[PDB]
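Consider the single chain below, provided in structure tokens and representing the form deposited without its partner chain.
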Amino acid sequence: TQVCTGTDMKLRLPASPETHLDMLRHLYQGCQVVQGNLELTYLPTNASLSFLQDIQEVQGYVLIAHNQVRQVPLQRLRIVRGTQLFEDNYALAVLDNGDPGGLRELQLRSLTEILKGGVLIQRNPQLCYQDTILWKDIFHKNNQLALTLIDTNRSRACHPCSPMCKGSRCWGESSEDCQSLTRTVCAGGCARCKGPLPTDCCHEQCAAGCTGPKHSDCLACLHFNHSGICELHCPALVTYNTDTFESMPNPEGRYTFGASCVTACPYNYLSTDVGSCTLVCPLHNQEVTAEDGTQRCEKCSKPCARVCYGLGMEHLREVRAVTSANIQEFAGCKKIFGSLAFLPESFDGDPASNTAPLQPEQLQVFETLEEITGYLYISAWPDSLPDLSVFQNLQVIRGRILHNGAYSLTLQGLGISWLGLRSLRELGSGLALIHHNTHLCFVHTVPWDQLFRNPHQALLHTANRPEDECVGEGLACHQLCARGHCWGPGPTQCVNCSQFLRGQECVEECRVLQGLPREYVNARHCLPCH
């Protein structure tokens, strides 16, 4: 799709560097608008970044740090909204790019708008043309007090701008790298313009620049894009008749999704009464799931019923991992509003309070769990337990909150033999990262493509047990598993049962008249009768 979601890993080193590049390729390829932060970190000199070439807009900040690449193709990057800021002040951070490797030219020849935040460029031994740019023109009129911390500590000489650059302001050595002013040359009080003339002034709702005086000639929208039209607000979903003021539905009504107006909220998103698309309901609301599959947020007049929150939400907002001091708060939870993280510190207790470490038996609390809204992060797991079968009833991981803004399912450094997530049939969003699990098999026996809900999703896997070793031993899907799809060994891990599933075990045929209490058939499920 045209819209992708950024990341949130910052300067933190990638757990799986062998798949770190394949992550970025799956997230941003074809993506034009980045909802969130564009973080490009720890990329080798031989990296192909040709998937970044379509990115026009970044909502959060842009982090380019610790890279060996000489070129980062962001020539189409038109605007950085900076709703989030690196270290809370910078909308564009370019740090420690080097080790000849090292960033040579920024080449942001379309970047003409930064709505909020400053620019941080430091410790780039190969970077040029950084100090040749009038950054005061890129910053918005409401952001003229934006900081600028730029270091020209170079270890190489730099050729001047191409003779075409009037004023010698460039993003590189080419003629196309010339910086096009769109603020400092405007006539009157224009925030943005296409020239020094008052007729060249652009509409107030335009952001990056204009091609005409219309509010449909913008390069970017200051607030919302209403189908080629830049507007302050989206058309409300409700129209009030000026007599009696009864609320009637608006046919032109639109939901606010990012900086654009949509007719219907995208997948895995919720619709509110205000008329917006969110991943989290407002205070004192409940998620009403329609029968067609769509979910919405509805406000409650009477105080809402007790809801089970996961990590990162409400009273578990600042809690790093699931321990034995919060394990009982997931008891009886069918749906968890938040995330579940299992770090090594989960299974070591608290001697000072005589609190026993989390026991493998207590993990059976999650047996009632059927849905996670956030993500599932497992970096530690009891060596005794051969699989994640305590989540055997888990059906959906929404991924409305992602680990490092990227992964909805992370399994790393575990001693599990198989997965055992027999009920998991959907990963609403985010990537899946399953790496460095020595004894783990039955990974390629999982129809991962069936679980994903968008093409920006994939499974990043490495350093697990070789499939050649798995098939060498008798570790294959059971005969009753349809199309060879299973989460583990035995007929109790089949994704699709070829015929007649009894209880949790797949059999070849139920005993309708064979002796086992005349088991009657009800939708491929064997059940006791009389």
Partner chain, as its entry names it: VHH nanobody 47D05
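Positions refer to the first chain, counted from 1.
K.L.:
Quick check on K302: across the other compared entries (only those modelling residues on both sides), is it unmodelled in a third or more?
P.N.:
Yes, left without coordinates in at least a third.
K.L.:
Can you check if, in at least a third of the other PDB entries compared, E345 has no modelled coordinates?
P.N.:
Across the compared entries, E345 is modelled every time.
K.L.:
Please say, as none, 1 to 3, 4 to 9, or 10 or more, how many residues of the deposited sequence are without coordinates in the interval between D99 and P100.
P.N.:
Going from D99 to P100, the model skips 10 or more residues of the deposited sequence.
K.L.:
Can you tell me which stretch has the higher mean Cα B-factor, 24-32 or 499-507?
P.N.:
Looking at the recorded C-alpha B-factors, 499-507 comes out higher on average.
K.L.:
If you take the mean CA temperature factor per stretch, which one wins between 412-420 and 242-250?
P.N.:
Per the PDB entry, the higher value belongs to 242-250.
K.L.:
Going by the CA temperature factor in the entry, name the top one among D200, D177, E361, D350.
P.N.:
Highest C-alpha B-factor among the listed residues goes to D200.
K.L.:
Using only the C-alpha B-factors in the record, can you name which of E113, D273, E87, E371 has the highest?
P.N.:
Going by the entry's C-alpha B-factors, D273 comes out highest.
K.L.:
Per the entry's values, where does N225 land by CA temperature factor relative to the rest of its chain, in the lowest, middle or highest third?
P.N.:
For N225, the deposited C-alpha B-factor lands in the lowest third.
K.L.:
Taking the entry's C-alpha B-factors for this chain, is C186 in the lowest, middle or highest third?
P.N.:
Highest third.
K.L.:
Please place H66 in the lowest, middle or highest third of its chain according to the CA B-factor in the PDB entry.
P.N.:
Its C-alpha B-factor belongs to the middle third of this chain's values.
K.L.:
Please place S50 in the lowest, middle or highest third of its chain by C-alpha B factor as given in the entry.
P.N.:
Middle third of the chain for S50's C-alpha B-factor.
K.L.:
Place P44 in the lowest, middle or highest third of its chain's C-alpha B-factors, as listed in the PDB entry.
P.N.:
Within its chain, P44 is a middle-third residue by C-alpha B-factor, going by the deposited values.
One more form of this protein, solved in complex with its partner chain, exists but is not displayed; see below.
K.L.:
446-454, 424-432, 110-118, 333-341: which one contacts its partner chain in the deposited complex at 4.5 Å, heavy atom to heavy atom?
P.N.:
Result of the contact check: 110-118.
K.L.:
Can you tell me if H140 lies within 4.5 angstroms of its partner chain in the deposited complex, counting non-hydrogen atoms only?
P.N.:
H140: yes, in contact with its partner chain in the deposited complex.
K.L.:
Applying a 4.5 Å heavy atom distance criterion, does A220 contact its partner chain in the deposited complex?
P.N.:
Because no heavy atom of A220 falls inside 4.5 Å of its partner chain in the deposited complex, the answer is no.
K.L.:
Evaluate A146 for contact with its partner chain in the deposited complex, applying a 4.5 angstroms cut-off between non-hydrogen atoms, and reply yes or no.
P.N.:
Result yes; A146 sits at the interface with its partner chain in the deposited complex.
K.L.:
My question is simply whether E252 lines the interface with its partner chain in the deposited complex - judged by any non-hydrogen atom within 4.5 Å.
P.N.:
Outside the cut-off, so no.
K.L.:
Consider the chain as shown here, without its partner, and state which of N89, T294, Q395, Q75 has a heavy atom within 4.5 Å of its partner chain in the deposited complex.
P.N.:
Exactly one listed residue reaches within 4.5 Å, namely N89.
K.L.:
Looking at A458, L85, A321, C308, which has any heavy atom no more than 4.5 Å from its partner chain in the deposited complex?
P.N.:
Residue within 4.5 Å of the partner: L85.
K.L.:
What residues in 417-454 sit within 4.5 Å of its partner chain in the deposited complex, counting heavy atoms only?
P.N.:
If the 4.5 Å heavy-atom criterion is applied to its partner chain in the deposited complex, 417-454 yields nothing.
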